Every structure is written in structure tokens, then in C-alpha cells.
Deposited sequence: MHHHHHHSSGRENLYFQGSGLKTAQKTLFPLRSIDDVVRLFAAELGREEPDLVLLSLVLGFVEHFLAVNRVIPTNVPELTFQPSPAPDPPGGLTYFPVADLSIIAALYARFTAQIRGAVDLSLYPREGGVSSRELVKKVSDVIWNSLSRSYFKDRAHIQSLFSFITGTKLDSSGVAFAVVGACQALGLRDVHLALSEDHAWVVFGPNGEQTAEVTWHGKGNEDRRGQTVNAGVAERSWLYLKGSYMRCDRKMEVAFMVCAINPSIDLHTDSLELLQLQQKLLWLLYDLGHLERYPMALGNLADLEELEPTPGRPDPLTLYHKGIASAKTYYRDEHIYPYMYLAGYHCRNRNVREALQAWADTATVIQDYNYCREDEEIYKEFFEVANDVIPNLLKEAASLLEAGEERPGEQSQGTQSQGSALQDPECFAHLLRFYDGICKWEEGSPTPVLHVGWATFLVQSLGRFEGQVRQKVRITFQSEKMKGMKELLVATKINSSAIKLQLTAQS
């Protein structure tokens, strides 16, 4: 049952209409997670899933076709959004047996709301596909990706008036927290390419990156809106994004930023900065300000145990040919990961470190050498930052149940070391933390790089 004020905004015919509807909803003490997620899913379906008009642009009279191409919007009728809203609420309300004396919900209650979402999904589909994140995908396709399940469970709880069930976010996983002050936890979805019903205590005690040693985000309803905005997927295919969905996500994040709802959301600040890098909004903070905001947010609220705030910043410096600053920010990234244990389900962050060490840094140093042929390659500080990055990775691996470094890592390490002349490398005096890097300190600074020896040393088991 949509309140009358919710009804007046429709029909949404523009991006701003969506923004006004988000603006209107964020003013309430509890914004409608189902209504908001349906609208974004409807908009994204007809902009990215079912692309109505092609995206290509043609090469004294007017041109026969729009010479720059076309953007469009699928009008969201009240009748159509409300019909879908009614389907979900009729589904959820008839499925759970509603005392909750303290405004808190039982573990067995959260479990059957979770079970109602879980058992509504198709048994076979590709969990990693795009555009199955929203309640629109749930109700019209019975398909949800991993964190989409957790979000749907949270939206179902708001539908049943369980103000105490909230979305919990690590950097790669989602679950629910509940109880008098968010102290119980329950897994509600799978992770990886499931532990449903269990707490996350074991994973927090595991010191795996997946559970951030307990320094994860406990969302309020306002950050749960920020999550579904971050979850907007503009990809039409791998080489094509929808300009409309990028613009919508960007204006929505600015709306959330102005209301203060990204203050505890480092990844969302980083997402906004990345959008701002491609499409600056006049009068707004530049991307670097926003990257440093996300880092300050991670330091303030999650005691500096997040990884992505630093790779956001490092990526921006890399794309802008700021070699010193990019190397320093990847060193700081490795400095956070070195206090984690590399565990079974941490493959996402491994993949990102792999790409940095074995693609991004090699490319950055090659770029710098083309200028050389002052410069970063002549700066011992830059070499020290490179070694600090590898030292953190080795410390991360040390004592973990999963190996990190393999022979391919050694190949790129030897290459990156070679980018610094021996006279530069011999100026550093470094204290390493990892046993692996200590066991080749002298081999890293020698005038002649011993590739086989460094390869042997980088690949010794932890």
C-alpha cells in the first residue's frame, strides 16, 4: 500500500523524477526499500537489459539520423510499479507468520524471511550475471545475485515492519544484523563462485578479508538506499555502458552525499569520485577530494581496515600519470592487507592485487620509462614504495592457509625491479616485515638482478 505522497510523484518520466522520488523517500524516517529498488530495476531493465534503440553513432541538409545518437528514458507508470509492488508485498506478507516485544526480531524469524526469499529463486541460473540485483529482478525473473539476496531479505523485513533487521556489508559480501543494537548476525546468501543460518563469528575470528575482522558496515536505512544506488549496473555489454544509468547513479550519489548518507560509506565515495573523473559536475569537489574522503571515512569508522579506499586513489593517480603518488597508495594498500590472513573466499581482493602487481604497476613503470628515454624511476622513494607493496603481500601470505605468490608474480617483480637502475636501487635502506622479503633484501638492490634467485625466493612456501 503506497501512501498518497508516494503516489503523487508518478509517472516518473525523467532521471530527475527518480531523484525527486529518492529525495522524497530519504526524508521519511524509513524510506521504502522495495519501491525504490523496483524503480531502479525497471529503469535499468529497459535501459540495459532490453536496449530499445542501438547505441552506435553514425560516421547542407540535416542528417537522416540523429548524428550523435540517442539517449532515452522508459516512463515508469504508477500502474506498473504499483502492480509489481503489490506482487512482492502480497508474496512476503502471506508467507511469514507474524510478538517481537522489544521491537527486536528473533533469529528464527529472520531465518524464515530469509527462507522465503531463498526458496523463491530459480534453481539454476548464472549467479554472476548483470542486472539481477534488484527487487525488479526478484519479482519478474525470480533471480538475484549474491548480495541481491541479502538486500531482498532486508526489504522484506521492512515490509513486515522489522525495523531492527539491517544490511551488513563487507567489501565483497553481505548478510544481516539484528537485535537490540545490531549485535546478532545471520548469513542469508552464498558467497563465491553457502553458510546460511550461521553467524559470521567464525569469519571475523578467521581474520579473513571477507569479514574485515569485524570492521564491516552496519547499514541504517539510509545507507541501504546508498547500496542499491551503488548496485545500479549501467553495462549494456562489456564494451558499452548506458549513459543514462551512469548519469542516474551519479546524480543519486550526489543527492545521498548532500544529505550526509555517504559519510560512513567509503566505497560509495570512491564510486562517486570515479564517476566524477569521467563527467565532472561544476561546483563539486574534484575526484581527489572524494578519494581522500573515502580513506578518511575508512580510518574514522572502520579503523583503517578497508582495502578499496587506497586502490580507488591509486587507480586515479595511475591513470593521471602520477607515478610517485600511485606507488605510494599501492604501498599503503599492501600495508592494510598485511594484517589479514589470506583465506578461502578472499579471491576477489587477490584478483585485484594480482592485476596491480602483474599488469598495472608494470604498465605504469613502462609509461614512466618512455618519458625517461624529475622522473619516478630515478627516485629511490619510488623503488622503496614498490618494495613496500611486495613486502605487504608477502606478510599477508605469511602464516595464511592459502598461498599467494606464484611463479608468474616473480616474473613481473623481476621486470619492475629492472625499471630502476642499480644506482637508484642501491640508495635505499629499508626494514622489511615479511620473512620472504628479508630473505632477499640484498638481492633486490644488487647491481645485477638475479632473476632465478628472486624467482626461487618469491615462490618459497609461506
> Could you list, start to end, the deposited-sequence stretches with no C-alpha atoms?
Replying inline: 1-19, 79-82, 122-124, 220-222, 403-418
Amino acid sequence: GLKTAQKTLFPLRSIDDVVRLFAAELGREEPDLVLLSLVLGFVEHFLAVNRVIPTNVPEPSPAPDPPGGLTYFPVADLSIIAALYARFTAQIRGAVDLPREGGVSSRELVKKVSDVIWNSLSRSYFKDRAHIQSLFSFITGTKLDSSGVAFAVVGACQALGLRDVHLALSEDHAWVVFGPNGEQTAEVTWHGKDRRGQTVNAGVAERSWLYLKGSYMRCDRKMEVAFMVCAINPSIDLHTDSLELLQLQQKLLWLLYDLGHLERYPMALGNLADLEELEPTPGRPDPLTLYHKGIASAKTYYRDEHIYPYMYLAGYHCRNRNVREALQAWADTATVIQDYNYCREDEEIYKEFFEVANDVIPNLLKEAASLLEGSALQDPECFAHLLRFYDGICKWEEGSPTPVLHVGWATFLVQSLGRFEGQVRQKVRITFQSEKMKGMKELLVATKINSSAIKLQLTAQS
From here on, numbers count along this sequence of modelled residues.
>> Mean CA temperature factor from the deposited coordinates, higher in 432-440 or in 62-70?
In response: 62-70
> Which of the two stretches, 299-307 or 184-192, shows the higher mean Cα temperature factor in the record?
Replying inline: 184-192
> Based on what the PDB entry reports, which of 95, 334, 200, 376 has the top C-alpha B-factor?
Replying inline: 95
> Hey, out of 365, 386, 177, 314, whose CA B-factor is highest in the deposited coordinates?
Replying inline: 177
>> Could you place residue 26 in the lowest, middle or highest third of its chain by Cα temperature factor, using the values in the record?
In response: highest
> Going by what the PDB entry lists, where does residue 380 fall on CA B-factor within its chain: lowest, middle or highest third?
Replying inline: lowest
> For residue 422, does the deposited CA B-factor place it in the lowest, middle or highest third of the chain?
Replying inline: middle
> Among the modelled residues of its chain, does the C-alpha B-factor of residue 249 lie in the lowest, middle or highest third?
Replying inline: middle
>> Is residue 106 in the lowest, middle or highest third of its chain when residues are ranked by C-alpha B-factor?
In response: highest
